[PDB]
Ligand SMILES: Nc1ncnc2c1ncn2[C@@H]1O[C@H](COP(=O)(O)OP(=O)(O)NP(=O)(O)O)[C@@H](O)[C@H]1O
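Below you will find one chain, with nothing else, as structure tokens; this is the form solved without the named molecule, and questions on how it binds or moves follow later.
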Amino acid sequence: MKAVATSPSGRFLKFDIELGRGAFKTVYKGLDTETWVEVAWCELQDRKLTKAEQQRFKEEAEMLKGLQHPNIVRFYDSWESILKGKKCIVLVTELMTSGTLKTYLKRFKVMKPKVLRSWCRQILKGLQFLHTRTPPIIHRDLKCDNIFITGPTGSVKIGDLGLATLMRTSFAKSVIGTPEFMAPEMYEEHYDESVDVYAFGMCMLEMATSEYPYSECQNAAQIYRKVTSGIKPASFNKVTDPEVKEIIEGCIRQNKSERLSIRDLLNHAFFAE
């Protein structure tokens, strides 16, 4: 008999089918044996966490189960197990197979202005939802590659919330952090939800320009110099819509105190609906 893995409740079953593999995370196809709907069985492990960091990892993953929002990926279950002699986190999520904003831009080359306005508003809705939880949830790792879509003319859903919690730790932040999207205060000890606004601005810039922000830079230190010197990414001057350009500028300001808030963005006339 083959050993088949299950959730502690027995509801979710793991397939021996690997869907994706990255740092700290391997995604397998799974099955809800009660509804007979296929899911994503995500196994997370950061072997360099301390005991207190792993425990916080376990607790933050378990809080994802209670999240229910149209623009957040659905996280059905979570528990702590062991993998290769050390603890790991399993995270069962809805199966996203329709691509991301990244694969969307690579497929359709450019994003039409009405699509950008609609999907950017939905990202702000999801971030507003995360920021108003108890305790508040900071994404810390928002990028076009982890904003999933339900279809070419569907909705967006913020994902990879389990992996994103590892940005709070040293080793993982240097491995999975995308410096082009990270606000400058993320290289300090303490920061707040304004880093999600900064990353949102870079997502909006990438959507508005169909290119990688700060692609002209070679490493994080180069980007950090430009950001802290008030030097915008070169793609910023390719934004054709002056209203979109004004919103991006307000989101990627180097000083957090001058940065626009989520409430300011949703109350902006561009996102009025």
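Numbers follow the displayed sequence, beginning with 1. Take the two forms, superpose them, and find the largest set of C-alpha atoms that agree within 1.5 Å; that set is the rigid core.
Novice: Looking at the other compared entries that model both neighbours, is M182 missing coordinates in at least a third of them?
Specialist: Across the other compared entries, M182 is absent from none.
Novice: When the other structures of this protein are compared, and only where the residues around it are present, is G85 absent from a third or more of them?
Specialist: In at least a third of the other entries, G85 has no coordinates.
Novice: Could you check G126, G201, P152, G162 and tell me which one carries the biggest Cα B-factor in the deposited entry?
Specialist: Reading the PDB entry, the winner on C-alpha B-factor is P152.
Novice: C-alpha B factor of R168, ranked within the chain: lowest, middle or highest third?
Specialist: Within its chain, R168 is a middle-third residue by C-alpha B-factor, going by the deposited values.
Novice: According to the PDB entry, is the CA B factor of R117 in the bottom, middle or top third of its chain, that is, lowest, middle or highest?
Specialist: Middle third - that is where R117 ends up once the chain's C-alpha B-factors are sorted.
Novice: In terms of the chain's CA B-factor thirds, is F108 lowest, middle or highest?
Specialist: CA B-factor rank for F108: highest third.
Novice: Among the modelled residues of this chain, does the Cα B factor of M207 put it in the lowest, middle or highest third?
Specialist: Lowest third of the chain for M207's C-alpha B-factor.
Novice: What third of its chain's C-alpha B-factors does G177 belong to: lowest, middle or highest?
Specialist: Within its chain, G177 is a lowest-third residue by C-alpha B-factor, going by the deposited values.
Although it is not shown, the form solved in complex with the named molecule is what the next lines describe.
Novice: Note which of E185, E180, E80, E94 lies within 4.5 Å of the named molecule in the deposited complex, where distance is taken over heavy atoms; exactly one does.
Specialist: Residue within 4.5 Å of the partner: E94.
Novice: The named molecule isn't shown here, but in the deposited complex which of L31, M63, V27, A220 has a heavy atom within 4.5 Å of it?
Specialist: Result of the distance check: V27.
Novice: Are all three of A23, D141 and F148 close to the named molecule in the deposited complex, meaning a heavy atom of each within 4.5 Å?
Specialist: Per the other structure, all of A23, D141 and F148 touch the named molecule.
Novice: From the candidate stretches 191-199, 94-102, 118-126, 168-176, select the single one in contact with the named molecule in the deposited complex, where contact means a heavy atom within 4.5 Å.
Specialist: In short, 94-102.
Novice: I'd like to know whether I248 contacts the named molecule in the deposited complex, with contact meaning heavy atoms within 4.5 angstroms.
Specialist: No, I248 stays farther than 4.5 Å from the named molecule in the deposited complex.
Novice: Evaluate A40 for contact with the named molecule in the deposited complex, applying a 4.5 angstroms cut-off between non-hydrogen atoms, and reply yes or no.
Specialist: Judged by the heavy-atom cut-off of 4.5 Å, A40 is in contact with the named molecule in the deposited complex.
Novice: Which of the listed residues (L127, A199, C120, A172) moves its Cα by 2 Å or more between this form and the one not shown when the core is kept in place?
Specialist: Spelled out, the residue whose C-alpha shifts by 2 Å or more is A172.
Novice: Under a superposition restricted to the rigid core, does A61 display a Cα displacement of 2 angstroms or more between this form and the one not shown?
Specialist: Yes; that C-alpha moves by at least 2 Å between this form and the one not shown.
Novice: Once you line up the core, how about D241: does its CA shift reach 2 Å between this form and the one not shown?
Specialist: Shift at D241: 2 Å or more after core fit.
Novice: Please state whether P213 has a C-alpha shift of 2 Å or more between this form and the one not shown, with the rigid core used for the fit.
Specialist: Yes, its C-alpha moves 2 Å or more.
Novice: Say whether the C-alpha atoms of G151 and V110 sit closer together or farther apart in the deposited complex than in the form shown here, given that their separation changes by 3 Å or more.
Specialist: Relative to this form, farther apart in the deposited complex.
Novice: Given a change of 3 Å or more, say if the Cα atoms of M96 and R168 sit closer or farther in the deposited complex than in this form.
Specialist: Distance between the C-alphas of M96 and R168: longer in the deposited complex, by 3 Å or more.
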